[PDB]
Amino acid sequence: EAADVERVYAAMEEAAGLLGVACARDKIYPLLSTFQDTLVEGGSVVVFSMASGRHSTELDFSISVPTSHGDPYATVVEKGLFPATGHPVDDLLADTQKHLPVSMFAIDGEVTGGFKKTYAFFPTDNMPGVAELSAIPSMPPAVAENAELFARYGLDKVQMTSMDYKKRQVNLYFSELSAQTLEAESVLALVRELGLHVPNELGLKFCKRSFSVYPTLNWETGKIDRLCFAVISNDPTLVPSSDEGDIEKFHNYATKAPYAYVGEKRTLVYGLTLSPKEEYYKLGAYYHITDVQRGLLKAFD
Ligand SMILES: CC(C)=CCC/C(C)=C/CSP(=O)(O)OP(=O)(O)O
Ligand SMILES: Oc1ccc2c(O)cccc2c1
Ligand SMILES: [Mg+2]
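Residues numbered from 1 in each chain as written, not as in the entry; some residues may be left out. Chains lettered and ligands numbered in written order. Heavy atoms only, no water.

The PDB entry lists the chain under the name Aromatic prenyltransferase, with Streptomyces sp. given as the organism. Per the PDB header, the entry is named "Co-Crystal Structure of ORF2 an Aromatic Prenyl Transferase from Streptomyces sp. strain cl190 complexed with GSPP and 1,6-dihydroxynaphtalene".

Laid out in structure tokens, this is it:
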């Protein structure tokens, strides 16, 4: 539909506007069109995300894609929207659907860079463990090499994975997190072992509230690149930063972000990311939501 595509792109520029970021129709429209059948309000999930620090000059957009529409990476390559990297990452989405039950897909893009990643979601009542994932042939060797570490902190069930084709990186979105895993003592030992930035009292309180935790891995080394804790809420003042600059900008985005589901309050998902040298914050404001998110808010918010 022309209306859906134009409606989503309209909301996108608006969201980008709040952040003072410029959009590139050339790299956005061809993508939205290819997946126009998914933009139908109802069982669609659309997110517009911002990030602090050195990552504050970009706007990412995530869009769900039902499995019925077919492998989305196969789609973007075939239509000439993205080139095969000639790297194992080219086979991972496909190999994942081959070895595990994939219940849904999603793609991610940037308003100025275009397509950059896909997601493979697994059934909430049949998620794979680290063991099952590391078995996929094109999966980074780093996952198996980190199996013991993950196990030591209770990181077991994975609700979904993502593949970043430009950075050749994979995210493991761990779910059903035990209270222990998210307690300060556990979080600190984990970061310490992964050699990441140590969070303070504010950061740790935020981690304790997390519904999802995700490490980023690569094919070059067994060293985890970064670790992110995600929080879902309607509260627009949850950014885990003490910098008046962030506290301001994020609250702004959080209360002025465009969303279609008028009648309810914006669904927000905050993120605290820890890399070896720093810590930065992220915020996704859902434009489209489904009951999945409605349920998460009752369980964690
Ligand atoms: C349900 C849907 C639409 C998918 C979730 C989108 C999602 C998990 C994206 C956030 S990822 P992100 O915080 O930007 O992390 P990186 O790719 O930078 O590692
Ligand atoms: O910005 C988002 C939106 C949804 C997410 C999810 O369902 C799981 C883990 C992290 C997420 C981050
Ligand atoms: Mg992103």
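Back to the write-up after that little detour.
Running from N to C, helix α1 (residues 2-18) and helix α2 (residues 25-34) point in directions that differ by 140°, and their axes come no closer than 10 Å. Put simply, α1 runs oblique to α2. With respect to the hand of their crossing, α1 and α2 are arranged in right-handed fashion. Two secondary-structure elements touch here, α1 through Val-5, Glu-6, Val-8, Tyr-9 and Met-12 and α2 through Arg-25, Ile-28, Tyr-29, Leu-32 and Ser-33. Class assignment of the residues belonging to the contact of α1 with α2 gives a composition of 7 nonpolar, 1 polar and 2 charged. (Axes fitted to C-alpha atoms, helices over the stretch in contact; angles between N-to-C directions. Helix = DSSP H or I, 4+ residues; strand = E, 2+ residues; numbered from the N terminus. Parallel < 35°, antiparallel > 145°, perpendicular 65-115°, else oblique. Left-handed = near helix turned anticlockwise from the far one by under 90°. Contact = heavy atoms within 4.5 Å. Nonpolar A, V, L, I, M, F, W, Y, C, P; charged D, E, K, R; others polar.)

Moving on, we come to the site of ligand 1. The local shell around ligand 1 holds 13 residues, among which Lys-117, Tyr-119, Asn-171, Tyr-214 and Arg-226 are the closest. Between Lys-117 and ligand 1, the recorded distance is 2.6 Å, taken from a side-chain N or O atom to an oxygen atom. With the chains in place, 83% of the 530 Å² that ligand 1 exposes on its own is no longer accessible. For the shell around ligand 1, the elements supplying multiple residues, two or more each, are β4 (114-121), β6 (169-174) and β7 (212-218). With 3 residues, the single largest contributor to the shell around ligand 1 is β4. Of the residues that constitute the shell around ligand 1, the class distribution is 6 nonpolar, 3 polar and 4 charged. (Near = heavy atom within 4 Å. Polar contact = N/O pair within 3.5 Å; in protein donor to acceptor, adjacent residues only side chain to side chain. Areas by Shrake-Rupley, 256 points an atom, 1.4 Å probe, with all protein chains shown as cover.)

We now examine the pattern of salt bridges. The full count for this structure, using the stated rule, is 9 salt bridges. Here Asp-4 makes a salt bridge to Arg-7, at a shortest N to O gap of 3.4 Å. Of the two residues, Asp-4 and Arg-7 are both situated in helix α1; the distance of 3 residues between them amounts to about one turn of the helix. Judged by its relative accessible area of 22%, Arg-7 is partly exposed. Between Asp-301 and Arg-209 there is a salt bridge; the shortest N-O distance is 3.0 Å. Within this pair, whereas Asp-301 is found in the segment after α11 (291-300), its partner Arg-209 is found in the loop between α9 (201-208) and β7, the two being separated by 92 residues in sequence. Exposure remark for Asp-301: the relative accessible area of 37% places this residue in the partly exposed category. Overlapping salt bridges bring together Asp-4, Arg-7 and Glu-41 as one network. (Salt bridge = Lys/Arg side-chain N within 4 Å of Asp/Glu carboxyl O. Buried < 20%, exposed > 50% of the residue type's maximum accessible area, 1.4 Å probe, protein only.)

In the vicinity of ligand 2, the contacting residues are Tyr-173, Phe-211, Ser-212, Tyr-214, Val-269 and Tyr-286. Coverage of ligand 2 by the protein chains reaches 78% of its 310 Å² of free accessible surface. Taken together, the residues that form the shell around ligand 2 break down as 5 nonpolar, 1 polar and no charged.

Our focus in this paragraph is the sheet that holds strand β8 (residues 226-233). Strands sit in the order β1-β2-β3-β4-β5-β6-β7-β8-β9-β10 around a closed barrel of 10 strands; the barrel is antiparallel. The mean angle between the axes of side-by-side strands here comes to 20°, regardless of whether they run parallel or antiparallel. Both strand β5 (residues 158-164) and β6 contribute to a ladder of 6 bridges, which runs antiparallel. Across the sheet, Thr-161 pairs through a bridge with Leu-172, a residue of β6. With respect to the sheet, helix α10 (residues 244-256) is in contact with β1 (46-51), β9 (268-274) and β10 (279-288), its orientation differing from that of β10 by roughly 10°. Relative to the sheet, α11 contacts β8 and β10, its axis offset from that of β8 by approximately 90°. (Pairing = 2+ DSSP bridges.)

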